[PDB]
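Novice: Quick one, data-v1.cif (mmCIF, C-alpha atoms):
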data_entry
#
loop_
_atom_site.group_PDB
_atom_site.id
_atom_site.type_symbol
_atom_site.label_atom_id
_atom_site.label_comp_id
_atom_site.auth_asym_id
_atom_site.auth_seq_id
_atom_site.Cartn_x
_atom_site.Cartn_y
_atom_site.Cartn_z
ATOM 1 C CA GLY A 2 -24.367 -21.447 9.985
ATOM 2 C CA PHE A 3 -22.918 -19.170 7.317
ATOM 3 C CA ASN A 4 -21.971 -21.439 4.396
ATOM 4 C CA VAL A 5 -19.425 -19.241 2.622
ATOM 5 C CA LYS A 6 -15.744 -20.044 2.120
ATOM 6 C CA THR A 7 -13.052 -17.580 1.104
ATOM 7 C CA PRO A 8 -9.248 -17.553 1.031
ATOM 8 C CA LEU A 9 -7.515 -17.425 4.419
ATOM 9 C CA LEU A 10 -6.559 -13.968 5.687
ATOM 10 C CA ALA A 11 -3.044 -13.168 6.897
ATOM 11 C CA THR A 12 -0.943 -10.043 7.400
ATOM 12 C CA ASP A 13 2.786 -9.296 6.987
ATOM 13 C CA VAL A 14 4.834 -6.236 7.842
ATOM 14 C CA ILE A 15 7.831 -4.564 6.242
ATOM 15 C CA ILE A 16 9.504 -3.389 9.433
ATOM 16 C CA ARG A 17 11.908 -0.467 9.078
ATOM 17 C CA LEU A 18 14.255 -0.882 12.063
ATOM 18 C CA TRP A 19 15.779 2.194 13.677
ATOM 19 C CA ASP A 20 18.500 2.956 16.208
ATOM 20 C CA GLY A 21 17.463 6.510 16.967
ATOM 21 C CA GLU A 22 17.320 8.541 13.776
ATOM 22 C CA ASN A 23 19.640 5.960 12.200
ATOM 23 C CA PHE A 24 17.959 3.641 9.698
ATOM 24 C CA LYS A 25 19.212 0.043 9.951
ATOM 25 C CA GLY A 26 17.150 -1.647 7.246
ATOM 26 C CA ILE A 27 14.325 -4.140 7.498
ATOM 27 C CA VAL A 28 13.663 -7.172 9.679
ATOM 28 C CA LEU A 29 13.392 -10.571 7.995
ATOM 29 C CA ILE A 30 12.650 -14.012 9.427
ATOM 30 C CA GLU A 31 14.039 -17.525 9.036
ATOM 31 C CA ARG A 32 10.903 -19.670 8.883
ATOM 32 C CA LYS A 33 10.870 -22.533 11.369
ATOM 33 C CA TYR A 34 7.867 -24.309 9.825
ATOM 34 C CA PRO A 35 6.777 -25.866 6.460
ATOM 35 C CA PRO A 36 7.444 -23.112 3.967
ATOM 36 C CA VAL A 37 11.087 -23.045 5.123
ATOM 37 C CA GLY A 38 13.237 -20.092 4.105
ATOM 38 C CA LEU A 39 13.774 -16.347 4.463
ATOM 39 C CA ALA A 40 10.698 -14.119 4.589
ATOM 40 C CA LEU A 41 8.885 -11.129 6.043
ATOM 41 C CA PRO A 42 7.424 -11.640 9.513
ATOM 42 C CA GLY A 43 3.659 -12.165 9.574
ATOM 43 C CA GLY A 44 0.798 -14.469 10.465
ATOM 44 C CA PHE A 45 -2.878 -15.312 10.194
ATOM 45 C CA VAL A 46 -5.511 -12.854 11.370
ATOM 46 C CA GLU A 47 -7.647 -14.306 14.163
ATOM 47 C CA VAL A 48 -11.432 -14.283 13.910
ATOM 48 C CA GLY A 49 -12.666 -11.270 15.852
ATOM 49 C CA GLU A 50 -9.303 -9.523 15.493
ATOM 50 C CA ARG A 51 -8.615 -6.355 13.473
ATOM 51 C CA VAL A 52 -5.965 -6.737 10.775
ATOM 52 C CA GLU A 53 -3.782 -4.066 12.402
ATOM 53 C CA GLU A 54 -4.037 -5.828 15.763
ATOM 54 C CA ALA A 55 -2.949 -9.121 14.209
ATOM 55 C CA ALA A 56 0.037 -7.398 12.610
ATOM 56 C CA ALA A 57 1.245 -5.824 15.852
ATOM 57 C CA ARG A 58 0.590 -9.060 17.750
ATOM 58 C CA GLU A 59 2.334 -11.137 15.101
ATOM 59 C CA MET A 60 5.361 -8.822 15.206
ATOM 60 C CA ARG A 61 5.685 -9.121 18.994
ATOM 61 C CA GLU A 62 5.537 -12.911 18.830
ATOM 62 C CA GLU A 63 8.008 -13.371 15.979
ATOM 63 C CA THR A 64 10.397 -10.425 16.349
ATOM 64 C CA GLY A 65 9.789 -9.246 19.893
ATOM 65 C CA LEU A 66 9.520 -5.737 18.447
ATOM 66 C CA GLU A 67 6.879 -3.119 19.221
ATOM 67 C CA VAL A 68 5.921 -2.003 15.708
ATOM 68 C CA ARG A 69 3.967 1.139 14.864
ATOM 69 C CA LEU A 70 2.176 0.603 11.544
ATOM 70 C CA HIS A 71 2.818 3.423 9.100
ATOM 71 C CA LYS A 72 1.012 2.570 5.891
ATOM 72 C CA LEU A 73 -1.102 -0.043 4.172
ATOM 73 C CA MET A 74 1.265 -1.146 1.425
ATOM 74 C CA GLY A 75 -0.664 -3.714 -0.572
ATOM 75 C CA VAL A 76 -2.836 -6.819 -0.686
ATOM 76 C CA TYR A 77 -1.300 -9.899 -2.329
ATOM 77 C CA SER A 78 -3.604 -12.691 -3.404
ATOM 78 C CA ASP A 79 -2.055 -14.727 -6.223
ATOM 79 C CA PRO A 80 -3.553 -18.238 -5.703
ATOM 80 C CA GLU A 81 -0.140 -19.927 -5.514
ATOM 81 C CA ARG A 82 1.648 -17.441 -3.237
ATOM 82 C CA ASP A 83 1.297 -19.609 -0.105
ATOM 83 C CA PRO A 84 1.870 -23.415 -0.342
ATOM 84 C CA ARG A 85 -0.220 -24.193 2.742
ATOM 85 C CA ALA A 86 -3.516 -22.972 1.251
ATOM 86 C CA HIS A 87 -4.915 -19.956 -0.578
ATOM 87 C CA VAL A 88 -3.770 -17.166 1.698
ATOM 88 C CA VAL A 89 -4.305 -13.488 0.973
ATOM 89 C CA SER A 90 -1.901 -11.179 2.764
ATOM 90 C CA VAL A 91 -2.445 -7.578 3.788
ATOM 91 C CA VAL A 92 1.043 -6.055 3.784
ATOM 92 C CA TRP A 93 1.951 -3.106 5.989
ATOM 93 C CA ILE A 94 5.031 -0.936 6.326
ATOM 94 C CA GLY A 95 5.911 -0.131 9.926
ATOM 95 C CA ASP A 96 8.716 1.247 12.102
ATOM 96 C CA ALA A 97 10.371 0.093 15.310
ATOM 97 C CA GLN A 98 13.213 0.804 17.730
ATOM 98 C CA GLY A 99 15.014 -1.839 19.772
ATOM 99 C CA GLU A 100 16.644 -5.244 19.390
ATOM 100 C CA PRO A 101 14.916 -8.086 17.441
ATOM 101 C CA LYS A 102 14.259 -11.388 19.252
ATOM 102 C CA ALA A 103 13.178 -14.524 17.372
ATOM 103 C CA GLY A 104 10.214 -16.640 18.448
ATOM 104 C CA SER A 105 7.248 -18.767 17.356
ATOM 105 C CA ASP A 106 7.316 -19.612 13.635
ATOM 106 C CA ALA A 107 10.638 -17.760 13.526
ATOM 107 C CA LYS A 108 13.782 -19.780 14.256
ATOM 108 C CA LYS A 109 15.948 -16.764 13.441
ATOM 109 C CA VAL A 110 15.353 -13.010 13.206
ATOM 110 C CA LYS A 111 17.725 -10.484 11.661
ATOM 111 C CA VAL A 112 18.101 -7.051 10.123
ATOM 112 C CA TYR A 113 19.132 -6.555 6.501
ATOM 113 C CA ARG A 114 20.303 -3.380 4.830
ATOM 114 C CA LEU A 115 17.938 -2.694 1.925
ATOM 115 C CA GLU A 116 20.915 -3.064 -0.415
ATOM 116 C CA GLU A 117 21.822 -6.434 1.099
ATOM 117 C CA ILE A 118 18.633 -8.490 0.922
ATOM 118 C CA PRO A 119 19.190 -11.948 -0.633
ATOM 119 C CA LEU A 120 16.090 -11.766 -2.844
ATOM 120 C CA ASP A 121 16.505 -15.316 -4.158
ATOM 121 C CA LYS A 122 16.260 -16.947 -0.719
ATOM 122 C CA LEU A 123 12.852 -15.414 -0.033
ATOM 123 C CA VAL A 124 9.925 -17.844 0.100
ATOM 124 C CA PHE A 125 6.230 -17.254 -0.644
ATOM 125 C CA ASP A 126 5.986 -14.278 -3.006
ATOM 126 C CA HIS A 127 8.007 -12.095 -0.640
ATOM 127 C CA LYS A 128 10.584 -11.310 -3.329
ATOM 128 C CA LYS A 129 7.891 -9.588 -5.396
ATOM 129 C CA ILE A 130 6.522 -7.805 -2.330
ATOM 130 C CA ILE A 131 9.925 -6.545 -1.225
ATOM 131 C CA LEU A 132 10.833 -5.470 -4.759
ATOM 132 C CA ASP A 133 7.548 -3.527 -4.842
ATOM 133 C CA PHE A 134 8.585 -1.938 -1.547
ATOM 134 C CA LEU A 135 12.086 -1.002 -2.712
ATOM 135 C CA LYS A 136 10.689 0.476 -5.941
ATOM 136 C CA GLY A 137 7.936 2.450 -4.237
ATOM 137 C CA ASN A 138 5.365 0.512 -6.237
ATOM 138 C CA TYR A 139 2.485 1.165 -3.855
ATOM 139 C CA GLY B 2 -7.028 -30.034 6.103
ATOM 140 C CA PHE B 3 -5.060 -27.060 7.440
ATOM 141 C CA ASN B 4 -7.043 -26.434 10.625
ATOM 142 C CA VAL B 5 -6.757 -22.634 10.659
ATOM 143 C CA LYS B 6 -9.716 -20.261 10.862
ATOM 144 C CA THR B 7 -9.459 -16.597 9.882
ATOM 145 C CA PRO B 8 -12.010 -13.896 9.118
ATOM 146 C CA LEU B 9 -13.830 -14.229 5.789
ATOM 147 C CA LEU B 10 -12.443 -12.177 2.893
ATOM 148 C CA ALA B 11 -14.527 -9.767 0.861
ATOM 149 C CA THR B 12 -13.944 -6.798 -1.410
ATOM 150 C CA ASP B 13 -15.968 -3.678 -2.184
ATOM 151 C CA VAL B 14 -15.475 -0.905 -4.716
ATOM 152 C CA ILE B 15 -16.067 2.829 -4.655
ATOM 153 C CA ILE B 16 -16.966 3.413 -8.301
ATOM 154 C CA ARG B 17 -16.454 6.931 -9.592
ATOM 155 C CA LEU B 18 -18.926 6.973 -12.492
ATOM 156 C CA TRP B 19 -18.294 9.177 -15.509
ATOM 157 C CA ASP B 20 -20.174 10.416 -18.561
ATOM 158 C CA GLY B 21 -17.225 11.603 -20.621
ATOM 159 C CA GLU B 22 -15.213 14.192 -18.692
ATOM 160 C CA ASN B 23 -18.327 14.676 -16.574
ATOM 161 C CA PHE B 24 -18.139 13.153 -13.096
ATOM 162 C CA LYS B 25 -21.537 11.828 -11.961
ATOM 163 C CA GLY B 26 -20.836 10.559 -8.463
ATOM 164 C CA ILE B 27 -20.738 7.106 -6.871
ATOM 165 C CA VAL B 28 -22.539 3.848 -7.696
ATOM 166 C CA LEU B 29 -24.395 2.374 -4.727
ATOM 167 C CA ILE B 30 -26.667 -0.623 -4.205
ATOM 168 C CA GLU B 31 -30.040 -0.791 -2.464
ATOM 169 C CA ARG B 32 -30.094 -4.211 -0.792
ATOM 170 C CA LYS B 33 -33.406 -6.008 -0.275
ATOM 171 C CA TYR B 34 -31.852 -8.842 1.735
ATOM 172 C CA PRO B 35 -30.486 -8.341 5.283
ATOM 173 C CA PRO B 36 -28.748 -6.083 5.938
ATOM 174 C CA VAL B 37 -31.481 -4.059 4.228
ATOM 175 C CA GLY B 38 -30.189 -0.684 3.094
ATOM 176 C CA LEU B 39 -27.796 1.257 0.870
ATOM 177 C CA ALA B 40 -24.360 -0.239 0.296
ATOM 178 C CA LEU B 41 -21.222 -0.207 -1.797
ATOM 179 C CA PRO B 42 -21.218 -2.847 -4.521
ATOM 180 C CA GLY B 43 -19.056 -5.800 -3.523
ATOM 181 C CA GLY B 44 -18.869 -9.417 -2.479
ATOM 182 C CA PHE B 45 -16.913 -12.313 -1.048
ATOM 183 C CA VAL B 46 -13.608 -13.378 -2.562
ATOM 184 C CA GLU B 47 -13.690 -16.957 -3.807
ATOM 185 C CA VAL B 48 -10.999 -19.504 -3.004
ATOM 186 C CA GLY B 49 -8.444 -19.607 -5.810
ATOM 187 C CA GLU B 50 -9.400 -16.106 -6.925
ATOM 188 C CA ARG B 51 -7.338 -12.888 -6.803
ATOM 189 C CA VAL B 52 -8.904 -9.972 -4.911
ATOM 190 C CA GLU B 53 -8.803 -7.714 -7.985
ATOM 191 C CA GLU B 54 -10.549 -10.452 -9.979
ATOM 192 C CA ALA B 55 -13.264 -10.856 -7.336
ATOM 193 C CA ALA B 56 -13.834 -7.098 -7.371
ATOM 194 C CA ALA B 57 -14.041 -6.992 -11.164
ATOM 195 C CA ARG B 58 -16.427 -9.947 -11.194
ATOM 196 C CA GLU B 59 -18.669 -8.474 -8.504
ATOM 197 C CA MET B 60 -18.841 -5.130 -10.337
ATOM 198 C CA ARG B 61 -20.031 -6.659 -13.618
ATOM 199 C CA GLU B 62 -22.443 -8.856 -11.679
ATOM 200 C CA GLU B 63 -23.888 -6.154 -9.424
ATOM 201 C CA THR B 64 -23.638 -2.989 -11.529
ATOM 202 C CA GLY B 65 -23.075 -4.360 -15.013
ATOM 203 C CA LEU B 66 -20.194 -1.920 -15.280
ATOM 204 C CA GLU B 67 -16.685 -2.494 -16.608
ATOM 205 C CA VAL B 68 -14.735 -0.891 -13.768
ATOM 206 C CA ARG B 69 -11.025 -0.111 -13.931
ATOM 207 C CA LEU B 70 -9.548 -0.346 -10.431
ATOM 208 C CA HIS B 71 -7.500 2.739 -9.656
ATOM 209 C CA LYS B 72 -6.266 2.503 -6.085
ATOM 210 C CA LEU B 73 -6.171 0.169 -3.113
ATOM 211 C CA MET B 74 -7.989 2.422 -0.659
ATOM 212 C CA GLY B 75 -8.105 0.435 2.553
ATOM 213 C CA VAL B 76 -8.866 -2.712 4.503
ATOM 214 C CA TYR B 77 -11.710 -2.702 7.013
ATOM 215 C CA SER B 78 -11.809 -5.327 9.732
ATOM 216 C CA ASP B 79 -13.853 -4.043 12.676
ATOM 217 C CA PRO B 80 -15.177 -7.278 14.293
ATOM 218 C CA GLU B 81 -18.769 -6.012 14.168
ATOM 219 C CA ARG B 82 -18.683 -4.447 10.699
ATOM 220 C CA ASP B 83 -20.614 -7.363 9.172
ATOM 221 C CA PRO B 84 -23.436 -9.006 11.185
ATOM 222 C CA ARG B 85 -23.332 -12.313 9.280
ATOM 223 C CA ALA B 86 -19.787 -13.194 10.361
ATOM 224 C CA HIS B 87 -16.438 -11.497 10.913
ATOM 225 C CA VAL B 88 -15.780 -10.284 7.393
ATOM 226 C CA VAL B 89 -12.754 -8.228 6.341
ATOM 227 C CA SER B 90 -13.140 -6.065 3.268
ATOM 228 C CA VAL B 91 -10.495 -4.894 0.808
ATOM 229 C CA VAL B 92 -11.839 -1.622 -0.579
ATOM 230 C CA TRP B 93 -10.796 -0.237 -3.960
ATOM 231 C CA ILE B 94 -11.483 3.022 -5.742
ATOM 232 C CA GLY B 95 -12.293 2.529 -9.423
ATOM 233 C CA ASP B 96 -13.734 4.399 -12.416
ATOM 234 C CA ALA B 97 -16.317 3.486 -15.043
ATOM 235 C CA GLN B 98 -18.064 4.824 -18.133
ATOM 236 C CA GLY B 99 -21.533 3.893 -19.363
ATOM 237 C CA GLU B 100 -24.866 3.072 -17.741
ATOM 238 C CA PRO B 101 -25.096 0.627 -14.808
ATOM 239 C CA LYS B 102 -27.854 -1.891 -14.145
ATOM 240 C CA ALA B 103 -28.693 -4.461 -11.474
ATOM 241 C CA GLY B 104 -27.990 -8.127 -12.035
ATOM 242 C CA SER B 105 -30.972 -8.875 -9.817
ATOM 243 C CA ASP B 106 -34.021 -6.962 -8.547
ATOM 244 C CA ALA B 107 -32.685 -7.743 -5.073
ATOM 245 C CA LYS B 108 -29.837 -5.319 -5.751
ATOM 246 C CA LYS B 109 -31.120 -2.138 -7.400
ATOM 247 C CA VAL B 110 -28.355 0.185 -8.629
ATOM 248 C CA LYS B 111 -28.404 3.914 -7.938
ATOM 249 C CA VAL B 112 -25.993 6.731 -8.762
ATOM 250 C CA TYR B 113 -25.508 9.388 -6.087
ATOM 251 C CA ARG B 114 -23.730 12.717 -6.249
ATOM 252 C CA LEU B 115 -21.118 12.690 -3.480
ATOM 253 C CA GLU B 116 -22.908 15.590 -1.796
ATOM 254 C CA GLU B 117 -26.270 13.796 -1.743
ATOM 255 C CA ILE B 118 -25.420 10.390 -0.287
ATOM 256 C CA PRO B 119 -27.886 9.454 2.490
ATOM 257 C CA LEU B 120 -25.177 8.388 4.941
ATOM 258 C CA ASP B 121 -27.844 7.350 7.446
ATOM 259 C CA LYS B 122 -29.170 4.691 5.068
ATOM 260 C CA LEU B 123 -25.821 2.939 4.560
ATOM 261 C CA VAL B 124 -25.421 -0.492 6.162
ATOM 262 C CA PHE B 125 -22.393 -2.477 7.367
ATOM 263 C CA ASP B 126 -19.632 0.043 8.109
ATOM 264 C CA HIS B 127 -19.987 1.637 4.692
ATOM 265 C CA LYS B 128 -20.726 5.039 6.218
ATOM 266 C CA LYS B 129 -17.245 4.866 7.769
ATOM 267 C CA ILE B 130 -15.764 3.747 4.450
ATOM 268 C CA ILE B 131 -17.492 6.399 2.352
ATOM 269 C CA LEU B 132 -16.552 9.192 4.747
ATOM 270 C CA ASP B 133 -12.917 8.026 4.702
ATOM 271 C CA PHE B 134 -13.076 8.237 0.922
ATOM 272 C CA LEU B 135 -14.646 11.719 0.904
ATOM 273 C CA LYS B 136 -12.101 12.982 3.447
ATOM 274 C CA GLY B 137 -9.233 11.425 1.507
ATOM 275 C CA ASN B 138 -8.246 9.382 4.558
ATOM 276 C CA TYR B 139 -6.290 6.708 2.698
#
Turn the structure described in the file into structure tokens.
Specialist:
Amino acid sequence: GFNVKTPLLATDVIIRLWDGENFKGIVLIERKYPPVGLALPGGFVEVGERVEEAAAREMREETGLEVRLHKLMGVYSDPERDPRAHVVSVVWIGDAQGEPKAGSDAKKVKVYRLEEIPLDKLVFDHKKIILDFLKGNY
Amino acid sequence: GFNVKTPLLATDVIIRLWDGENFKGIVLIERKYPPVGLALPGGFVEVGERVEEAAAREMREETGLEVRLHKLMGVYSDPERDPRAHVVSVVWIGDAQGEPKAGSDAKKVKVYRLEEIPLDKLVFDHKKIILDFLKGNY
């Protein structure tokens, strides 16, 4: 077959949650598996699946939300960002209405005001990603 | 050994070539190996390597240019974009000065004015990518 190996591909989303025209903040997850801690919702892209499809799918599974992707925010690939293996993440910014419901790799799902995100409890490199988001560094 | 399979990760660059304040167009590659045709310079991302580093390495290797990445332009993941395997590409827009030159006769370098690119000769989904660039769809 094709004998080429590359980092694993995953996708995460910065979900801006809304209750009508009222901004509530973003949705973060309490990881249920190995890298335990607070983080953005996201998952691995399946072979044969478009990155945007994996993001929507991954959001349904973990947050129960129907997320409309708004913008490609960035691609994070520092070798040591994911303890499980070398994982490169395509990060999106999206929007959603409704009530979050945990599931899958997520043992807990919750909304955080952008001014109330406990940056130091974030796992992976999500603190850097979120800081980039808050600063408009994209 | 982390039994997770995802698409392969690659990165390509749209190189705006300059001769001083004079814009010359884009740097493309004429592939001799399948897919045979015109293509953006780029390659697979290696495990343990950052995407920006893979792009920089591929540019020096394929065009012999010292390219300064300028903008994350997009991520392309259509399942059929690459015939070899499901490959997802992180596309950047960069700039370079100087004269390019192939690192192998299998990859001849050519500079094209944006108005004279033979879109019909582009392989992979690079026609889609180049048009997105020209239309500013990013």
Novice: Find the spatial neighbours of residue 70 (chain B), counting all atoms listed in the file, within a cut-off of 7 Å - ignore same-chain residues fewer than 3 positions away - and output them as a ChimeraX atom specification.
Specialist: /B:93-96
Novice: Generate a file of the selected residues that holds C-alpha atoms, formatted as a PDB file, in the frame of the given file.
Specialist:
ATOM      1  CA  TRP B  93     -10.796  -0.237  -3.960  1.00  0.00           C
ATOM      2  CA  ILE B  94     -11.483   3.022  -5.742  1.00  0.00           C
ATOM      3  CA  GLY B  95     -12.293   2.529  -9.423  1.00  0.00           C
ATOM      4  CA  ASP B  96     -13.734   4.399 -12.416  1.00  0.00           C
TER       5      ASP B  96
END
Novice: Taking the file above as input, evaluate the PyMOL selection byres ((chain A) within 12 of (chain B)) and report the hits as number ranges by chain.
Specialist: A: 2-12, 35, 44-55, 71-93, 138-139
Novice: How close does region 44-125 of chain B get to region 17-27 of chain B? List, as JSON lines, each residue of region 44-125 of chain B within 7 Å, its nearest atom pair and the distance in Å to one decimal, counting all atoms listed in the file.
Specialist:
{"residue": "B:95", "atom": "CA", "partner": "B:17", "partner_atom": "CA", "distance": 6.1}
{"residue": "B:96", "atom": "CA", "partner": "B:17", "partner_atom": "CA", "distance": 4.7}
{"residue": "B:97", "atom": "CA", "partner": "B:18", "partner_atom": "CA", "distance": 5.0}
{"residue": "B:98", "atom": "CA", "partner": "B:19", "partner_atom": "CA", "distance": 5.1}
{"residue": "B:99", "atom": "CA", "partner": "B:20", "partner_atom": "CA", "distance": 6.7}
{"residue": "B:112", "atom": "CA", "partner": "B:27", "partner_atom": "CA", "distance": 5.6}
{"residue": "B:113", "atom": "CA", "partner": "B:27", "partner_atom": "CA", "distance": 5.3}
{"residue": "B:114", "atom": "CA", "partner": "B:26", "partner_atom": "CA", "distance": 4.2}
{"residue": "B:115", "atom": "CA", "partner": "B:26", "partner_atom": "CA", "distance": 5.4}
Novice: With chain B fixed, least-squares superpose chain A over all its C-alpha atoms paired in order and give the RMSD in Å.
Specialist: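 That comparison of chain B with chain A gives 1.0 Å.
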Novice: Rounded to one decimal place, report the CA of residue 36 (chain B)-CA of residue 125 (chain B) distance in Å.
Specialist: 7.4 Å
Novice: Write out as a list in words each polymer residue whose atoms come within 12 Å of residue 106 (chain A), counting all atoms listed in the file; drop sequence neighbours fewer than 4 positions from it.
Specialist: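 Near residue 106 (chain A), the qualifying residues are residues 30, 31, 32, 33, 34, 35, 36, 37, 38, 39, 40, 41, 42, 43, 44, 45, 59, 60, 61, 62, 63, 64 and 110 of chain A.
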Novice: What gap, in Å, lies between CA of residue 122 (chain A) and CA of residue 16 (chain A)?
Specialist: 18.2 Å
Novice: May I ask for the distance between CA of residue 13 (chain B) and CA of residue 131 (chain B), given in Å to one decimal place?
Specialist: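 Separation of CA of residue 13 (chain B) and CA of residue 131 (chain B): 11.2 Å.
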